[PDB]
Amino acid sequence: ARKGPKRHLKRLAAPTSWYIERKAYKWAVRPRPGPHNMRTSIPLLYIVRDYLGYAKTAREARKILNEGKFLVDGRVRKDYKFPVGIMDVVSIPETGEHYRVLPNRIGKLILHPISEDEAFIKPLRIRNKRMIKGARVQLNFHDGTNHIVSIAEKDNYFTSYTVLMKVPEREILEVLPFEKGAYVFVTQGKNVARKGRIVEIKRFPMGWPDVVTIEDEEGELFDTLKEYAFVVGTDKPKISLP
Amino acid sequence: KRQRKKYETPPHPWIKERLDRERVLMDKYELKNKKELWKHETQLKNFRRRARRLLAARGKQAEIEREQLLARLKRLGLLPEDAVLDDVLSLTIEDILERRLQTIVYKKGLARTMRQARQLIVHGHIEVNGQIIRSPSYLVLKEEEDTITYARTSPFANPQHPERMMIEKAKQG
Amino acid sequence: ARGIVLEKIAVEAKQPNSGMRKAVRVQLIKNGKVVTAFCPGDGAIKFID
Amino acid sequence: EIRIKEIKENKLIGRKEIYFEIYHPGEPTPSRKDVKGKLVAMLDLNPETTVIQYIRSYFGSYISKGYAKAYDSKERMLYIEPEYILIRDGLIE
Amino acid sequence: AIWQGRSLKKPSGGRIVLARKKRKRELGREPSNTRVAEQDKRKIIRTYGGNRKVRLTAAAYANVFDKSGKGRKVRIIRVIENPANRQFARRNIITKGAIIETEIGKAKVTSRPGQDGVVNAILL
RNA sequence: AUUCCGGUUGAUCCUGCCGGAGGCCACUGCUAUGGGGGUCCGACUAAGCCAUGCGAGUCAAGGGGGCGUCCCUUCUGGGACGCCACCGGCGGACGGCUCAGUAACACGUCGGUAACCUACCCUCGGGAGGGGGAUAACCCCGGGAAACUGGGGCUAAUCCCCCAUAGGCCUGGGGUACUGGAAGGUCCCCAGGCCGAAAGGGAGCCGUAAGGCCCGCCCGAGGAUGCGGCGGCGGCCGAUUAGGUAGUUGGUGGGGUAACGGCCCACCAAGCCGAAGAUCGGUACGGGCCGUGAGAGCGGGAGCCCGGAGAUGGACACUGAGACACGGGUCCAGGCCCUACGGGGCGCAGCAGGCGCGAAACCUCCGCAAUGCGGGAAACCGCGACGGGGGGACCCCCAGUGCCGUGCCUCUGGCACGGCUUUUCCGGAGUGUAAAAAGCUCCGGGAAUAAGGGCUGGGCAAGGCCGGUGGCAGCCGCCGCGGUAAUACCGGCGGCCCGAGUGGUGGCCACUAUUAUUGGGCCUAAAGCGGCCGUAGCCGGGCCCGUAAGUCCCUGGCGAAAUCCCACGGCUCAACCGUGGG
């Protein structure tokens, strides 16, 4: 039987979100732990070799990553197992090419191209708030990152809010709160890749999460859980959202 | 997981009536073995199964599959372009047998005889849409039916080849 | 199965059929039991010994 | 006769990837040297910095696909390319 | 092997066979049996995932905490009563909840010495 | 696609069973399987034994030595490359292999962990002070047949250690801000005690030095990878196994665990399970799926993916973040290999192969590459993972073994003449090897060069004459044939089915409304009890008021992939694969 951690991943076992030819070869690059969850990310090696076609074989992708000619949210990352998740900005300054990873209507992930001025803003979903000794508030984001603020600024934030972050230097720009009427992009569920406006809340006790009701651009009404309601704007989207 | 046979054996393979019907469908179209004929029956069969499944089926996806069924049947050239889901039932084995490439080449007059057409096909002297197909059992779409010509490098493409004029006069005669 | 013949035995058919059918008593290597084994084919038992 | 369908430029690698079709109706499939010599002509490339990946000749077809690769410097070619493809085209003994 | 594994008999009493051998994670350690003495003797134990557990084998001093909240690091004379087991009070063995006699008086222990390594108590 | 037919009588109807007729899986005869393209092979026996080679490493940018060479300078000595092995960081707990064990919270799904852990990863806040010590390699020296191994000098590390403070832990009192429905925890103060950090670094640019880039060390807090244990429901057979359990069930209070928990201990009490099948026995890895069938349904779990478990049987421990650890260690049992006999060491349910078993399953091959893993930031390295190839009537798709005109017959098929393609072979050129081959792809000379297996009385309609045998030899799935004229035996000829296949046996579903819910029978053939009563259970009068458990409709999450169906696209179409839909 198994006596410790897994170090491989059979291709057939790959997550459902990856555009990968499942019957090509046996294995797949097991992602290493990182910002996002297993469900909602992909190794950048597939992004380079496959989604961009820049490298055909893997060896040349090792080399191009070693040259550090990429900027994932304003940081060169040579770790080919790095997981690139939702709302992260892939930037190639050499070609001036900027894309943002977004989920598709089918639930897979895709690179939406974006302009340069958009490239340094990133929205972080405030996953939780934890106090650290010395009374320093710490916001844990949806992408395995943390930021520190003061006690007097704790009222400003709440869990599940969105924070548009100047990622290349880690500076808070604005905070999109939650109340009725916010523009929202859905991350998971059969309502994936849906953009609409918040209508109503649904409080359920007993560990049953909160459910929002979203109206679509034309007015169709549907429902989805809290944690999938990624707020991007209060009235209109602040980013080019397919 | 195993790859299963695509055709079906007769339930009783020694009925005189069915045996003779198979024989008279064999001699005319000149197929090699009963595998081919049973296969050609089989695609008809599951077309009918699809028709029956979708006729009773409700819901939008049923409509989508129905439209795709009609569309591909038309694209095959098996049905008139204004057909409905009804007349698909009344198809016959012969209807598919005309759509065989081997039949089509004979009906284009390029061959005096069935087996001659088959031999030319397997010998790669017949091209479709600029591409050579070596399977006389290949099924031809409607849209392709006018692109069937001699293979360009083949001598039979040459009008003066010693095997062209008897074909030609047989077509004329 | 694979076995060793130990003896040739003929058998009278069942009436109203009449005739003599040859066979051999065979000890079986797999488990050791002894069982009769009919020999088919006309003029064939000569080739079993 | 060679006719191109698409030429792409990997600025990250500094490389030109080109896909082309060889019409050779009634002709044997051409070698690597001849296709290289013809291809380098109209594209204005240094033949020593250009290599050909594959020339796939399909069944029952007179059009054979070909995929070729052109660098801008010797050392990127030496550092990125596997050795065996260079050996095939003769750029390494 | 001190095995803190599964029970071997069903709630109905059906005797369960062992389907698999014992694993490293499902076994405990020996009972510490803290005892009174003139000095404090301690031992560090490597545990699951590289953590450490400190274990006391001799006890000499205690932390008696006032109802107000102050603390006093005093010496231990003897154990008065051990409600957990009668054998332990006789043998001068200290565990949580034991009532012990010190220079201040009677103190009920509210710390586990086998894991904390220190004895904390509340006077009565 | 919802099919029947032969067999009980002098003749008929019925019941009932058997045989034919189809597919899948094993074994096997004959016959070739020529050609190609996508897939399988100790799957039920010995989880029996095994010679053998290979299958697991990488880093000298952490460290310090030695050896060789180059170059320059040579008292010295620097730098370049390679080797040596060591310290040491990481890996060797994943991957490969099998189904013995297990009737189990082993498994499937749905929830809870607030009752846990987490090395390599990401991010926010902070830190790297002082001091000390260690011995390999090498030089002197030895045993034994060996394994293996002694002793003196000797050296540095991010090797080891002490202290400094953060910080880790536990408790009493007092407040309060936060996740959250809440809990308790988290936040802060006071109080008491225990434990208790690091590591800098090779090269290079600028810089006199420093200082900026690169890699790396440590604390707090999360996230995330992997995991642990908790629960509801689901899913075999035996009643010629009816009572079972002894910490066995719960309560008090504690030990032990990373963690809750009788898990364990002490005391208390008598509980827990059973006819809705306890206990005991037989039997078996569970699931996605697979074979057959019109479908209800019936069966099966080997190849692929998930979870489970195991290394000759058993038992046990170190190091580790992770093991009681296939190619680490110790003992017993049992088997075996080497030896001046003091003692040693072995272990293919890894790849390839042998012995054994048996009806029954392959080459002691080539590369580290395409994919992917560990290491090294980088080059790259290794891998019997994997990828290629090798043998095999393993599965599915395609394909022919001649075509045409004339004349004669056996006019159905063949025969003779004339012409025609060259299904192979030979040569050249592409992929491709991450090398040749892979015969794949295009061109040139060119045979017309690969067709057999079964059946021929009827059920199966399915195909008829002549010789030999003469109740013998013989034939047969069932009925049935043969004692002189055999359309049923053997031979010849003829003919019929299928076709690179065909035949025989065994196993499974259909046939079978011969398991019957859909949907079977019990007056005379199998079967309504020799009678009545009545408990659980099952079925239950009408109307009115209420609930809304069942029932139905809408909507959130979820039930992985591969597989099933469909359109389009790619390999010549197809098998296979991709995108989209179900």
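As shown above, the structure is provided for reference.
Provide a residue-level description of the nonpolar core, including the pertinent values.
Of all hydrophobic cores here, the largest spans 29 residues; its most connected members are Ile42, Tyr46, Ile47, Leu52, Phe70 and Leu111 of chain A. With 6 residues, helix α1 (residues 44-51) of chain A is the single largest residue contributor to this core. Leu37, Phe47, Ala51 and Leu91 of chain B belong to the second largest nonpolar core, which has 23 residues in total.

Go over the interface of chain A and chain D, please, and point to the residues and values.
Accessible area lost upon the coming together of the parts serves often as the stated size of an interface. Chain A puts 12 residues into the contact, and the matching count from chain D is 9 residues. For the pairing of chain A and chain D, the buried interface totals around 1100 Å² over both sides, and the portion due to carbon and sulfur atoms is 56%. Inspection of the region where chain A meets chain D yields 1 salt bridge. A salt bridge links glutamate 67 of chain A to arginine 76 of chain D; the shortest N-O distance between them is 2.7 Å. For the interface between chain A and chain D, the tally reads 5 residue pairs in polar contact. Within the side of chain A that touches chain D, the residues separate by chemical class into 5 nonpolar, 2 polar and 5 charged.

Residues and numbers for a nonpolar patch on the surface, please.
Residue and element names in this part refer to chain A. Where nonpolar side chains cluster on the molecular surface, the patch consists of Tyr19, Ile106 and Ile110 and spans about 290 Å² of accessible area. Relative to the helices and strands, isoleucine 110 is located in strand β6 (residues 109-113). The partly exposed category is assigned to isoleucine 110, whose relative accessible area is 37%.

Please set out the protein's contact with RNA strand F residue by residue, giving values where relevant.
In the vicinity of RNA strand F, 214 residues are found, and the nearest of them are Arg75 of chain A, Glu65 of chain B, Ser57 of chain D together with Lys53 and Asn63 of chain E. Backbone atoms, meaning sugar and phosphate, form 78% of the atoms of RNA strand F found within 4 Å of the protein. Within the side chain of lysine 190 of chain A, one N or O atom sits 2.8 Å away from a phosphate oxygen of RNA strand F. Contacts to RNA strand F include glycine 71 of chain E, whose backbone N or O atom sits 2.4 Å from a sugar or linking oxygen. Per element, the largest residue contribution to the surface near RNA strand F is 7 residues, and it comes from helix α2 (residues 34-56) of chain B. Considering only residue class, the surface near RNA strand F consists of 56 nonpolar, 69 polar and 89 charged.

Each value, and the rule that gives it
- Residues numbered from 1 in each chain as written, not as in the entry; some residues may be left out.
- Chains lettered and ligands numbered in written order.
- Part of a larger assembly, values for the part shown.
- Heavy atoms only, no water.
- Core = buried A, V, L, I, M, F, W, Y, C linked by side-chain atoms within 4.5 Å.
- Buried < 20%, exposed > 50% of the residue type's maximum accessible area, 1.4 Å probe, protein only.
- Helix = DSSP H or I, 4+ residues; strand = E, 2+ residues; numbered from the N terminus.
- Contact = heavy atoms within 4.5 Å.
- Buried area = accessible area lost by both parts, 1.4 Å probe.
- Salt bridge = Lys/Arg side-chain N within 4 Å of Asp/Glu carboxyl O.
- Polar contact = N/O pair within 3.5 Å; in protein donor to acceptor, adjacent residues only side chain to side chain.
- Nonpolar A, V, L, I, M, F, W, Y, C, P; charged D, E, K, R; others polar.
- Patch = residues over 30% accessible without salt bridge, like charges linked within 9 Å, V, L, I, M, F, W, Y side chains within 5 Å.
- Areas by Shrake-Rupley, 256 points an atom, 1.4 Å probe, with all protein chains shown as cover.
- Near = heavy atom within 4 Å.

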